[PDB]
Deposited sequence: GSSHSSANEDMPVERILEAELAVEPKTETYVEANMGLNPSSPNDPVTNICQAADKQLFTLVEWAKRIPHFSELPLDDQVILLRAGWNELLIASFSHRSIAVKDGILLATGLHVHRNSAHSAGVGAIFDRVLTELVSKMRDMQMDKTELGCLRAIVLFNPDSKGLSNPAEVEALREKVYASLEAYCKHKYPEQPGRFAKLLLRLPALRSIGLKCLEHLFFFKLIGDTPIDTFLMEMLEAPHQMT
């Protein structure tokens, strides 16, 4: 069974501007491990596959987190360190393109549909249970876990919001934008690591190391 209550409890239990952004990403990587342990059946998987899933989705998992957190603000994002990075601050630092993509494709769309924390956790659970991750000892088991998550999500949507029959599909159609924004974010992190002008902490550095 995959109850949406535990998924929501997992979210509620864990909840130069580029330098401030990288420090917040490192802090949330420690928090991401605690979040994944509270997702049902994740800890029961082999320990090697838990590494594979977290190393493959940490980028999209953390991006979905602060994008939904940034619903409160209108022209910026809310870092987990309590700091706010404004539109113009990211633009003045030369990273306004990906910042605008986060605001228009993710934050504003999350604000438009009033995506609740249960729907956010179910989407992050779907990202976590990625059966296409290379090296999985049993990708069909991870695929079965993903199916139980969006089954509980569709039931939650048709029960909590029965007046919106297309809300379930509208939630899943943000994952392609989450995937593309995540890949562009990895390019930025690799570029700053290659040049070495931005300090990158240990956990964030470990996630950028090659498999």
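Map the modelled residues onto the deposited sequence and report the uncovered stretches in sequence order. Counting from residue 1, the stretches without coordinates are 1 to 9, 25 to 43, 240 to 243.
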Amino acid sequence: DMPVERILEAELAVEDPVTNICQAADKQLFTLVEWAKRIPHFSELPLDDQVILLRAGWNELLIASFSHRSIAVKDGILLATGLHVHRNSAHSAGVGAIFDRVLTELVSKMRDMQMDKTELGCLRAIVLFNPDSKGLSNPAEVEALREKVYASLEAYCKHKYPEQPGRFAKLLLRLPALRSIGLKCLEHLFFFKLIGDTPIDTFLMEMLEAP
From here on, numbers count along this sequence of modelled residues.
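Between two forms, the rigid core is the largest collection of C-alphas that superpose within 1.5 Å.
Segment of greater CA departure in 9 other deposited structures of this protein, 71 to 79 or 101 to 109, core superposed: The answer is 71 to 79, which departs more from the shown form in 9 other deposited structures of this protein.
Between 137 to 145 and 101 to 109, name whichever shows the higher mean Cα B factor according to the PDB entry. It is 137 to 145 that shows the higher mean C-alpha B-factor.
Decide which of the stretches 43 to 51 and 60 to 68 has the higher mean C-alpha B-factor, going by the entry. The deposited B-factors put 43 to 51 ahead on the C-alpha mean.
Among the modelled residues of this chain, does the Cα B factor of residue 179 put it in the lowest, middle or highest third? As the PDB entry reports it, the C-alpha B-factor of residue 179 lands in the lowest third of its chain.
By the recorded C-alpha temperature factor, relative to the other modelled residues in its chain, which third is residue 156 in? Lowest third.
Taking the values exactly as deposited, rank residue 121 by C-alpha B-factor within its chain and report the matching third: lowest, middle or highest. Tercile = lowest for this residue's CA B-factor.
Residue 23's Cα B-factor: lowest, middle or highest third of the chain? Residue 23: CA B-factor falls in the middle third of its chain.
Select lowest, middle or highest to describe the third in which the CA B-factor of residue 82 falls within its chain in this entry. It falls in the bottom third of the chain.
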